[PDB]
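**Student:** coordinates only, sequence not included:
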């Protein structure tokens, strides 16, 4: 009914070698299948975070900030983006627990710190805790900014977190998922991704 496609083998696989599994050309190929109503990517930008002498690759996502709820992430410090930050395109950032450890190993509190997100300074407004979330903790360094702040900023190189494929009404969704899987295995020469098929009504994330 809707089918998510994810890179790698298991939930939580965002290691470097999996980030490039799903291609824009794959999205376009899916989009042309006759059983597909629509197919949408979720995209991160890879950039570098700079704080003092730390300079590290990270994946940044622009989110709408009900985002943390729907994935089961809570905040160990600070909070999610408020309405003015979202409307105002504010230069503010939420850290994952890996990023927080990397940049601020010693600090008791990091809310109010400023980091460079690529070439854009951003005030840290919270730290998200991923360990009890749907997919567990990241294997890489993740940050989140307001979607509006990210839109039109070419902050770095994009990769596909996932592709969500809506199946046309009345089509057999198990067979759809099998066709999707054949299509992509053939384009890749292997099964380096996995799928999660569900009721549109349950796709709350």
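**Tutor:** Structure's in. What do you need? Numbers count the residues shown, from 1 in each chain.

**Student:** tell me the buried residues in the helix or strand encompassing residue 26?
**Tutor:** According to DSSP states H and E, residue 26 maps onto helix 24-31. For helix 24-31, the neighbour count (16 or more other Cβ atoms under 10 Å) marks 26, 27, 29, 30 as buried. In short, each C-beta sits where N, CA and C put it, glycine included.

**Student:** centre of this structure to the edge, which residue is at the far end?
**Tutor:** residue 170 (29.9 Å; Cα atoms, centre = their mean).

**Student:** and for the helix holding residue 26, what's in contact with it?
**Tutor:** 36, 38, 39, 41, 160, 163, 165, 180, 183, 184, 187 (Cβ atoms under 8 Å, 6 or more residues apart in numbering).

**Student:** so the third one, which state does it fall into?
**Tutor:** Following DSSP: H, G, I helix; E, B strand; the rest coil, the label given to residue 39 is strand.

**Student:** and the contacts of helix 24-31, which are buried?
**Tutor:** Buried, going by 16+ other Cβ under 10 Å: 36, 39, 41, 160, 163, 165, 180, 184, out of the contacts of helix 24-31.

**Student:** so the third one is in contact with residue 165, correct?
**Tutor:** No - using Cβ atoms under 8 Å, residue 41 and residue 165 do not qualify as a contacting pair, with a distance of 10.5 Å.

**Student:** burial of residue 171, as a residue count?
**Tutor:** Neighbour count for residue 171, taken as other Cβ atoms under 10 Å: 14.

**Student:** and it, how far from residue 41?
**Tutor:** The gap separating residue 171 from residue 41 is 21 Å, by Cβ to Cβ, to the nearest Å.

**Student:** so residue 161 makes contact with residue 44?
**Tutor:** Yes - counting by Cβ under 8 Å, residue 44 is a contact partner of residue 161 at 5.6 Å.

**Student:** so what does the helix or strand containing residue 45 touch, helix or strand wise?
**Tutor:** For residue 45, the host element (DSSP H and E) is strand 36-51. Packed against strand 36-51, as judged by 3 or more Cβ pairs under 8 Å, 6 or more residues apart in numbering; DSSP states H and E, are the following elements: helix 24-31, strand 54-63, helix 97-103, strand 114-117, strand 157-167.

**Student:** show me this protein divided up by domain.
**Tutor:** Structurally, the chain divides into domains by automatic domain parsing as follows: 2-42+159-198, 44-157.

**Student:** any chance of those in a markdown table with distance to residue 204 as columns?
**Tutor:** A markdown table is the format used below for the domains of the chain (distance: least, Cβ to Cβ, whole Å):
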| stretch | distance to residue 204 |
| --- | --- |
| domain 2-42+159-198 | 10 |
| domain 44-157 | 6 |
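
**Student:** of all these, which one is nearest residue 205?
**Tutor:** domain 44-157 (4.4 Å; Cβ to Cβ).

**Student:** tell me how far the closest one lies from the chain's centre.
**Tutor:** How far domain 44-157 lies from its chain's middle: 11 Å, per Cα atoms, centre = their mean, to the nearest Å.

**Student:** if we can go back for a sec, among the helices and strands packed on strand 36-51, which is nearest residue 87?
**Tutor:** strand 54-63 (14.0 Å).
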